[PDB]
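Chains as they are written, first to last, in the deposited numbering: chain CC, 247 to 344; chain Ce, 1 to 132; chain Ca, 1 to 149; chain CQ, 2 to 188.
From the three backbone atoms N, C-alpha and C, an ideal C-beta is built for every residue, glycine too.
First comes the structure, then the notes that go with it.
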Amino acid sequence: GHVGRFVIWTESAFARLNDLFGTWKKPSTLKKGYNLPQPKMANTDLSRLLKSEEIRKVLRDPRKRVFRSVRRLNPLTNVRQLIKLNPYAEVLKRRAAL
Amino acid sequence: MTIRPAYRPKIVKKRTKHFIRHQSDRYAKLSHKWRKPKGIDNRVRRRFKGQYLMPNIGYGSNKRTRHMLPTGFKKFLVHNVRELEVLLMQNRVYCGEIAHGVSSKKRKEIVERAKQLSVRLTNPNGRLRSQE
Amino acid sequence: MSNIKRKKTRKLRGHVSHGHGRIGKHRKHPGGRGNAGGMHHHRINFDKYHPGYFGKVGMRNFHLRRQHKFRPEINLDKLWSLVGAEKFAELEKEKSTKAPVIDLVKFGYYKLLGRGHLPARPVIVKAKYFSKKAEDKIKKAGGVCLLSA
Amino acid sequence: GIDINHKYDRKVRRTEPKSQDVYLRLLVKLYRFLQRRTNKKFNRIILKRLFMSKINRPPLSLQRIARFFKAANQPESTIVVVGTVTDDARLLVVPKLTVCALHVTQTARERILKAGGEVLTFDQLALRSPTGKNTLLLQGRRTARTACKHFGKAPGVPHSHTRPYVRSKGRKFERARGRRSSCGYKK
RNA sequence: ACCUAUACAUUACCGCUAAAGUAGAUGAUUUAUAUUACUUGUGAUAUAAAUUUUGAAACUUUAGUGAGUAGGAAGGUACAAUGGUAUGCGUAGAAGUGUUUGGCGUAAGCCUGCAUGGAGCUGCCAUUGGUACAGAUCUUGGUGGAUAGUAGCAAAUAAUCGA
RNA sequence: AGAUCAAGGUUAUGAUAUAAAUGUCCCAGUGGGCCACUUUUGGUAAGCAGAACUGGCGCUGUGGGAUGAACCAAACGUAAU
RNA sequence: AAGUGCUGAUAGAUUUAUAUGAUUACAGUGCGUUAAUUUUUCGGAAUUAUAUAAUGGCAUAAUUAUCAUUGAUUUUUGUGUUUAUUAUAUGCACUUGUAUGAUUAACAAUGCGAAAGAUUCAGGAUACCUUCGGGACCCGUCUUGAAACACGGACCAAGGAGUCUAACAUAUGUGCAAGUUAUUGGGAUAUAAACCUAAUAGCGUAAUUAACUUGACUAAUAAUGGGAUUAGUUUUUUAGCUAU
RNA sequence: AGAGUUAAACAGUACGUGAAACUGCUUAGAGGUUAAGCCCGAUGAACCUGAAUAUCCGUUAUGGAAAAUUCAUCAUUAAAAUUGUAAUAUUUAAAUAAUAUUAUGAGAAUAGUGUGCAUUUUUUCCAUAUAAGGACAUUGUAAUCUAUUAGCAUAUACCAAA
């Protein structure tokens, strides 16, 4: 089930494969009505498909940070979050403590 | 002499003890290797108090330190020499154990070759045998 | 020859009652063997899902022979794929030295029906039969539906 | 504690092609990238339709390639079909059109090329119209097929018309009691 | 006041579920410095050093969340064979078996040392089967307690001496 | 009762969305239930018999009631506080 | 209600942030107007105008709208007024500074992976023995309910039970597509394989009647013709957005 | 029981392996409570597994040796590729493309020769300077965040209660 045995063609062997499975242009003569199967993807190179300059004039958003940064502090014991969150509340600290 | 890897973590563990299969104390036919009981009036399946404990995924170890050995390394069964050349630049996450099939003749080379690539073999002094 | 891991028995083994129940065990034949009884204890199953079982509509033909109803069929829908479409372009210049000659019984067909909506060229159709709309919708285009022998 | 999340919080869909086809499982690899970096909805419905079975990618004859195209005003809109384009002999003269398809029957490749236009795999589409400008993305009927004719059946309602699982068409095959008002009843 | 749950809460970890991000690497990015356009000022160029693959079936980010018979679905795992493969292992010791050898796995399981053994065996990719046992008064062989010496060796009159 | 025009402000209670909508396989099992508040019929009563509603047990561990299938708290990934 | 002013303790601290993406925006320190005022004299210290809409305060106009209306409450504000309050007007360098990337790290002590040789500190219900505490009924089964005064089971090794087939139906995979399908046969031939292949034949392509009859849209064109609800491609002009 | 034979008698006619069930013997510790077993936390004994080197307020300051070089400011020379141009032939009339040949050019690349070619270069080992030659682990310590628990209490404002 494993494709690709190492193979050796002779000369007149190799010159008959354009008859057995005929060609891309015309069908075959030695297999009546046979027609070579067409792939679902003819160009099949992704790294040149994605390369590409026909596609990278469309692409929008290369989101380049990660933005994890998560921990919830406490704005009732950590004063430095009070003045980040309610900035006016810094004043009332320096007013009544004054 | 091999430095333990890649600035080692602290391997911590939910249970060390292994799970030991209902009624295996009672019978010599039952192996201690766990079976889930399926049977209806069973207090172990039902998870009664002070019966024992079943497996689940909740005891699953940290995904960093999963399969890590005591030495911070992870195993890699080596079976001949040119499997050690796989560990030429994995000698910093993995470690080799020479198989049980590998004979005393070849092990002397695997031990000497793996001393050059600095890997930490987990069983040298196997088939020593300071003999013929 | 069938991949067994996807069969349930690899998986149900072993929990006890193998998928079939503790209460209502997998017994031998708990409803009847076969189409028993589609007229008493399976009747709901037999009407729905098969209305029309259990009767006789009738005309008995002792030893039907399957040649006296042979009559293969063709609509006007094809009729012109039987000549080449590459032989349709030339009569579509327009230039009518034609109708063509189609001999539908030499192909395999007898009855020429009329589904169709065929083009404005004439045709000459030698088939053994007719529809009412096969005769009209050809002779409107000029040609003639003609009797094969 | 909370009551609840029951089910199905597990939403229901298919998320990779079940074809192990090495050509299809590469056009997916591409079209993942053409819809996460160009957020078109045109390109979702190609990644979504590269996933489905062969039911859900039903054939679409050469005449509906053409019968839809001639609904006009887009004379260079390529016809995008995630599936098969077969051939209609009941169409005689075929217009010159450009076709994107997974598979094209050769009796339709011999005709479209002769007209002559193009036949495109889905990688030549994306290297030409990555955002899908000037394309016509069609699909043939999913319930065209005759397995679907039998769904679902109470004889007793005035609307079923849904096709039993007989073995054979004739009299003395489910045609008597419960279908005719003489024998039994009319369903 | 205080004690008390597998509940509540904040944290670590496992899974699930739901979202979200990454693939121009004859590219991207640093740090300096030479030059520089110079826009005051900041970019572009040269040099020197540096970082920058992932079974994309992968990696990264985020949040919620976990009862279960009967029952269904997924993913693993043991057994044995076939077709390919591992330039596999093996009388310098295969299978098996034992074992306070040492670990791995959440588990099924698995690797390894020593012991015995004495000729074959395995990993992977396919496809398959006479494919996993605690039960069935299951089958067939073996063995325990009882009892390893207990019930018992009591009808038919009876033997004893010395050689 | 309809088919096309013309005019229309700010879309017409509240609070919700652990996604909803829809096919197929009507696929597995099930088609012996018991318990309880309030309602209730037969019986003299019954841990009896039979129904209506809601919740449970069945399938369910943990905390409490010394004890317990259903009571009262509470529903259960491995751990610390 | 305010931080008012703290003092005590507890447990915990993900992170290979490139083992395929900011360590930078913040603020905080150390150099470059002024002048008197004050205080200690060794610092500090204080001071105005410096530009606000000014927000709060006062007076007044003004109007929206109202508990109750003598009034009060407003509302849109607007002006004047001074009483205060707040923010903006800190670049260039430079730190071992704070924050923020699930915010744990600075100081010491103890001890040398130590050539073979070999200790220290932590850990090991691995699989047992010793010592205590807590919990803890026997499994399988049928059952509404089993530890049951329900049935089977003394113990152990081997064996041991959802399969082949036939015909359908659905789902998925694959090939070809109005077709498709060698396989009964034949031919080539390398060997019960593979290959090649004529005439059919099934199934599909057209149906409905008990039957004989009959046989699918106005038309050279048309997806339930027509209608709604339509993903999507084309398209409209409009400010308009990044570049221009 | 010695001895002998064999590679082996732990292959001596249960004749390969030799499992379990059950057990005689040795060694170890222990015994009046769920009958014993068992779960979880610890324990004594025993055995065992794992453990670390380029820095504070740096992969910085600085002196010794050795060898040597396609390295220099090196220079020629010989290749073989790479990359990018151009040309021919294969091509689906053309182009594109793709292959294969031909040729240009740059920088690189080895190998050989080469101011001084060891002049201060160049690859490798040694000196002293700030915290210290650690870099780790096990700990007492310290302050920080999260969740929390107990504690003292500067001060306003409110309603009648005089």
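Asked, Found
"Count the other CB atoms within 10 Å of the CB of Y280 of chain CC; is the residue buried (16 or more) or exposed (fewer)?", "exposed"
"Listing by chain order, which chain CQ residues have their CB less than 9 Å from the CB of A288 of chain CC?", "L121, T122, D124, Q125"
"Roughly how far, in whole angstroms, is the beta-carbon of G52 of chain Ca from the beta-carbon of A177 of chain CQ, given that I think they are within contact range, below 8 Å?", "5 Å"
"So, for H18 of chain Ca: in the same chain, excluding its five sequence neighbours on each side, which residues have a beta-carbon less than 8 Å away from its beta-carbon?", "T9, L12, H26"
"Say whether chain CC places a C-beta atom closer than 7 Å to the C-beta of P60 of chain CQ.", "no"
"Excluding the 5 residues flanking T16 of chain CQ on each side, which residues of the same chain have their C-beta closer than 8 Å to its C-beta?", "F52"
"Would you identify the three-state DSSP class for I5 of chain CQ, choosing helix, strand or coil?", "coil"
"Where does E77 of chain CQ fall in DSSP's three states?", "coil"
"Which first and last residues belong to the alpha helix (DSSP H) in which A102 of chain CQ is found?", "Element bounds for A102 of chain CQ: not the alpha helix (DSSP H) but the beta strand (DSSP E), 99-105."
"Of the residues that make up the region 56-75 of chain Ca, which ones have a beta carbon closer than 8 Å to any beta carbon in chain CQ?", "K56, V57, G58, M59"
"Sort out for me which residues DSSP pairs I98 of chain Ce with in a bridge.", "Ce:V78"
"Would you list the residues sitting across from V144 of chain Ca in a DSSP beta bridge?", "Ca:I124"
"What's the gap between the Cα of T99 of chain CQ and the Cα of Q64 of chain CQ?", "13 Å"
"Is the region 35-50 of chain CQ touching the region 313-325 of chain CC, taking contact as three or more C-beta pairs under 8 Å?", "no"
"When you check each C-beta in the region 304-326 of chain CC against every C-beta of chain CQ, which residues fall closer than 8 Å?", "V304, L305, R306, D307, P308"
"Which runs of the beta strand (DSSP E), 3 residues or longer, sit entirely within the region 71-115 of chain Ca?", "none"
"Assuming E119 of chain CQ is part of the beta strand (DSSP E), what are its boundary residues?", "119-121"
"Which whole-angstrom value describes the C-beta separation of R66 of chain Ca and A99 of chain Ca, a residue pair presumed to lie in contact below a C-beta threshold of 8 Å?", "About 35 Å; that fails the 8 Å criterion."
"Taking only beta-carbon positions, decide if residue 189 of chain CQ is within less than 7 Å of chain CC.", "With chain CQ represented from 2 up to 188, any question about residue 189 of chain CQ goes unanswered, as that position is not in the structure."
"On a Cα-Cα basis, can you pick out the residue from Ca:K132, Ca:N45, Ca:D136, Ca:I102 that is closest to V123 of chain Ca?", "Ca:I102"
"If you compare alpha carbons, which of Ca:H40, Ca:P119, Ca:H41 is closest to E94 of chain Ca?", "Ca:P119"
"By Cβ distance below 8 Å, which residues in the same chain neighbour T39 of chain CQ in space, the five residues on each side in sequence not counted?", "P131, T132"
"Please classify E175 of chain CQ: is it buried, with 16 or more other beta-carbons within 10 angstroms of its beta-carbon, or exposed?", "buried"
"Is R10 of chain Ca helix, strand or coil when you go by DSSP?", "helix"
"I want to verify the contact list: residues of chain CQ whose CB lies under 7 Å from the CB of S293 of chain CC, in sequence order.", "Chain CQ residues near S293 of chain CC: none, gap ~11 Å exceeds 7 Å."
"One question on the structure: do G141 of chain CQ and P60 of chain CQ come within less than 7 Å of each other, judged by their Cβ atoms?", "yes"
"Taking only three categories from DSSP, how would you classify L117 of chain Ce?", "coil"
"Helix, strand or coil for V83 of chain CQ, going by three-state DSSP, please let me know.", "strand"
"I'd like to know whether the C-beta atoms of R47 of chain Ce and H32 of chain Ce end up nearer to each other than 7 Å.", "no"
"7 Å is my cut-off, CB to CB: does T79 of chain CQ come that close to chain CC?", "no"
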